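Undergrad: Can you read through this structure? Questions will come right after.
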Amino acid sequence: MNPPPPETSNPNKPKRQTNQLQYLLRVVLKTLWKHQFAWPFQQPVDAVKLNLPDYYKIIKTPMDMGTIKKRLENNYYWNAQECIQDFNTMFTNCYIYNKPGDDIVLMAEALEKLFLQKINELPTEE
Ligand SMILES: CCOC(=O)Nc1cc(-c2ccc(C)c(NS(C)(=O)=O)c2)nn2c(C)nnc12
Numbered sequence: 043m044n045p046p047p048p049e050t051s052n053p054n055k056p057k058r059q060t061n062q063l064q065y066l067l068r069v070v071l072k073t074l075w076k077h078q079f080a081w082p083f084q085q086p087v088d089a090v091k092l093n094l095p096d097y098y099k100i101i102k103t104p105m106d107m108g109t110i111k112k113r114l115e116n117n118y119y120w121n122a123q124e125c126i127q128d129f130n131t132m133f134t135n136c137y138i139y140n141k142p143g144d145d146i147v148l149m150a151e152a153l154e155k156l157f158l159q160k161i162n163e164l165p166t167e168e
């Protein structure tokens with residue numbers, strides 16, 4: 043079975059809309075989402091569909107760009123670090139679960155190289 047997806051809505055969690063979070067949506071997420079290699083990362087890993095009952099035994103902090111997109115569009119975050127951590131969790135989960143050189147790892151590595159380039163240019167808070 044698949045676990046429930048990560049939280050994307052919680053009225054108890056305090057929220058902000060900042061210029062760094064806007065950059066994460068309008069520059070970072072947009073660039074990565076349109077990459078040719080983005081598609082396996084655009085929704086939670088579907089262990090049922092892939093017949094991978096082991097995935098959620100190994101990966102206990104799942105994350106994906108569909109969840110991140112919802113968090114950004116629905117103003118779930120307080121700060122940019124929360125969102126950057128989600129991206130980093132997504133990449134590291136892929137490297138933990140899969141073998142070096144696997145197609146999915148090469149795809150994640152291409153997205154991560156672009157992510158790092160965009161994050162290096164993160165604007166100062168206004
Ligand atoms: C032991 C074999 O290892 C794997 O198959 N690994 C991985 C596979 C895929 C993957 C493939 C095909 C499809 C159709 C999907 N779609 S989805 C997002 O709905 O689940 C995902 N994503 N993936 C991610 C992220 N991280 N690892 C993997």
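Note that the sequence shown covers residues 43 to 168 in the entry's author numbering. We put the CB at the ideal spot given by N, CA and C, even for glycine.
Going residue by residue through the region 79 to 165, where are the continuous alpha helix (DSSP H) segments of at least 4 residues, counting only ones entirely within it?
TA: 89 to 92, 97 to 100, 107 to 115, 122 to 139 and 145 to 162
Undergrad: Do you know offhand how far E167's Cα is from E124's?
TA: Residue numbering aside, residue 167 sits at position 125 when the sequence shown is read from its first letter. Residue numbering aside, residue 124 sits at position 82 when the sequence shown is read from its first letter. Cα to Cα, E167 sits roughly 15 angstroms from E124.
Undergrad: Could you work out which residue in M149, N44 and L63 is closest to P95 when comparing CA atoms only?
TA: Here residue 95 corresponds to residue number 53 of the sequence shown, with the count starting at 1. Checked all of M149, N44 and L63; the closest Cα to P95 is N44.
Undergrad: Take the Cβ of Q62 as the centre, count every other Cβ of all protein chains shown within 10 Å, and call the residue buried at 16 or more, exposed below.
TA: Indexing the sequence shown from 1 puts residue 62 at position 20. It counts as buried.
Undergrad: Rank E151, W120 and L164 by C-alpha distance to the C-alpha of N54 and give the top, closest one.
TA: Taking the first residue of the sequence shown as 1, we reach residue 54 at position 12. Of the candidates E151, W120 and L164, the one whose C-alpha sits nearest the C-alpha of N54 is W120.
Undergrad: Could you check whether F129 and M105 sit closer than 9 angstroms to each other, using their CB atoms as the reference points?
TA: In the sequence shown, counting from the first residue as 1, residue 105 sits at position 63. In the sequence shown, counting from the first residue as 1, residue 129 sits at position 87. Yes, these two residues count as a Cβ contact at 9 angstroms.
Undergrad: So, at 7 angstroms on beta carbons, what are the nonlocal neighbours of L74 in its own chain, with the 5 sequence-adjacent residues on each side left out?
TA: On the sequence shown, position 32 is the one that residue 74 refers to. Here the set comprises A80, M107, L153, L156 and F157.
Undergrad: Where do the N-terminal and C-terminal ends of the alpha helix (DSSP H) with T73 fall, by residue?
TA: The residue labelled residue 73 in the question sits at position 31 within the sequence shown. Here the alpha helix (DSSP H) through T73 covers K72 to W75.
Undergrad: Within 10 angstroms of its Cβ, does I101 collect 16 or more other Cβ (buried), or is it exposed?
TA: For the purposes of this step, residue 101 is identified with residue 59 of the sequence shown, where counting begins at 1. By the neighbour-count rule (16 or more Cβ atoms within 10 Å), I101 is buried.
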